[PDB]
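Numbers restart at 1 for each chain; the letters A, B, ... are given by sequence-line order, proteins then strands.
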Amino acid sequence: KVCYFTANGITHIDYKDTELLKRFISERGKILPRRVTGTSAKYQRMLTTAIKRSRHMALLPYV
Amino acid sequence: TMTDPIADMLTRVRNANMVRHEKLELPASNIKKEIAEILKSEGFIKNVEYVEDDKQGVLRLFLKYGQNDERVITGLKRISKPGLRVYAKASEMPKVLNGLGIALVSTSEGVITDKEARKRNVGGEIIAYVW
Amino acid sequence: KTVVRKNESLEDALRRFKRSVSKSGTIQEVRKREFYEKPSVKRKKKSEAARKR
RNA sequence: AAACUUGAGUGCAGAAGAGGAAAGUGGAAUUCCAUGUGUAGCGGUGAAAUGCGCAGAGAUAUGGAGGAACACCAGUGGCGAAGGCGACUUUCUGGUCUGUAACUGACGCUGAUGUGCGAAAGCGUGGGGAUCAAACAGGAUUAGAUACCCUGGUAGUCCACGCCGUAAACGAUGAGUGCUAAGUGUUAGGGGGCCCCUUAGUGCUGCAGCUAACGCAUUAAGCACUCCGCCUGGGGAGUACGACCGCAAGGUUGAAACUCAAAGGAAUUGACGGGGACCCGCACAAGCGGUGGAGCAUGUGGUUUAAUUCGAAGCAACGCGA
RNA sequence: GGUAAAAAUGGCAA
Ligand SMILES: [Mg+2]
Ligand SMILES: [Mg+2]
Ligand SMILES: [Mg+2]
Ligand SMILES: [Mg+2]
Ligand SMILES: [Mg+2]
Ligand SMILES: [Mg+2]
């Protein structure tokens, strides 16, 4: 697949940007693997810290 | 780090010769140029070119391969080493492959072959054997 | 949560339920943590299973 | 003695990271405790039982307490000298890579003795204790079962500060440097037109060369030079003694008498397996009729005898030579 | 996911 962040020229992921993050999480709230999404290695790391930060602030669910 | 530039030169020649490369390039030094000149003079190598580089210079050696791709240089060996220096007297000068090969000797009369050393009756450090 | 659709069989709903459970992978997780596997063993299983994948 | 910039550093501009230390903040789950609903089991195994429950268990709902570990992400992915390091946040702090070419100008490499770090178990002092779990106790299995399996369960597992100093601490591969076909994936960059080139890692495949063979192969076990550590048949023995270190456990160093002609590595052909695949055969299954029990015939063993002639001995001797 | 449980021993030569 294609990396969204590379394609759309997004270099920073905000944990506060819930709408973006919801696309990269499953229906159970599980973080999606980068194979399925097509996210790059560098951005899988960025996104994932953001999801964990968002879950801390109850913007996104743990489950 | 690099400890024996001469030994490196001979290994580069050995490695390129094994794979039958036409030419090889190495960092230059006065001793390495002299060794190269003897090899051309003795017919082991075709040609030696020197290129100024603003560092230490570059030597380009062209290797000789006989008909049927037979290699003119069969082997090279470093004799005197940084770990153990080897010297010989003119009387004791070694013959390599019973005169079929050569020994490169550093003498007060310059870097020369074993034959010249016996002729001039001057001994010195045995740099390498080439056969 | 699978919810039975209007004019849909409970058995048909059961098919949907089974598939959702499979995607969740809750069954997969349960089996892994039945017995303790030493740290080195866990790492090996992760690698070779990925090698299969 | 005087130069030089290629090695090695420094500056400058970028890059990624579970590198380390200390605070703080989460969510899932386990255990326990408290109540509500509710009922005759639950739990466990090959099968059981011990156990738990009927003094209301288990289950279900809600609340509280506490400890430990951080699903997904997650990848021959990343980082670190090694041991190791995986929730998130902040503070302090180490290293590495790319580009550039300001600067310094061989300032380097290795490294005995030293000196530090060093999984796990263990030890000391204090704290903590959810889970798991040596010892230990039941239950079971068994010829026995000081085990495997089951129900429990203490140290320990956790934290702090000291000690210990060892692991198949492994890539069973010391460090440095250069050189030697390719193909393909991936991590962090750089450059030029998705493609090409390039730097440093990390995998797979594969020449030359190497190797006893297996294999290794620019991440060499190839070709070379420097320095260090280490080996010289097996056992006795990593034992004894001495020394040093340790609270202890032990660690480090480390023989000999005596004894043997072998120990070993790799590969090959077989055989075998409570290994696998695929196939058969009255092998089993599905059936029918028997033998083993009775009387008798006959062979054999044994015993007996003057002699009980000799031969056959699991299947493949025993109504067999006859 | 499984899994049936138990399942000991056998002189050195040639
Ligand atoms: Mg410990
Ligand atoms: Mg137990
Ligand atoms: Mg050791
Ligand atoms: Mg590479
Ligand atoms: Mg009868
Ligand atoms: Mg036997």
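- D/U115 and D/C109 are spaced 24 Å apart, taking the P atom of each and rounding to whole Å.
- Checking D/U5, D/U76, D/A71 against the side-chain heavy atoms of B/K55 singles out D/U5 as nearest.
- Look at D/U309: its glycosidic torsion is beyond 90° from 0, and that puts it in the anti range.
- In this entry D/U62 carries a north-puckered sugar, per its positive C1'-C2'-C3'-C4' angle.
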Next item on the list: Report the secondary structure of RNA chain E in dot-bracket form, marking unpaired bases with a dot and bases paired to a different strand with |, and treating Watson-Crick or G-U pairs with both distances under 3.5 Å as paired.
Entry: ..............
Next item on the list: Can you check each nucleotide of nucleotides 172-190 of chain D against protein heavy atoms at under 4.0 Å and return B for base, S for sugar-phosphate only, - for none, in 5' to 3' order?
Entry: ----BSBBSS----SSSS-
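- No salt bridge links B/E34 with B/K32; every basic N to acidic carboxylate O contact stays at or beyond 4.0 Å.
- A salt bridge is defined here as a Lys NZ or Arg NE, NH1 or NH2 lying under 4.0 Å from an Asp or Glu carboxylate O, and B/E22 with B/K46 meets this definition.
- For A/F5 and A/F24, the ring centers are positioned less than 6.0 Å apart.
- One finds no side-chain N or O of B/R14 lying less than 4.0 angstrom from the OP1 or OP2 phosphate oxygen of D/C223.
- Remark: D/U146 base-pairs with no nucleotide; criterion is Watson-Crick or G-U wobble with both hydrogen-bond distances under 3.5 Å.
- Both A/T49 and C/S47 lie near RNA chain D, and the one whose nearest nucleotide falls closer to the 5' end is C/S47.
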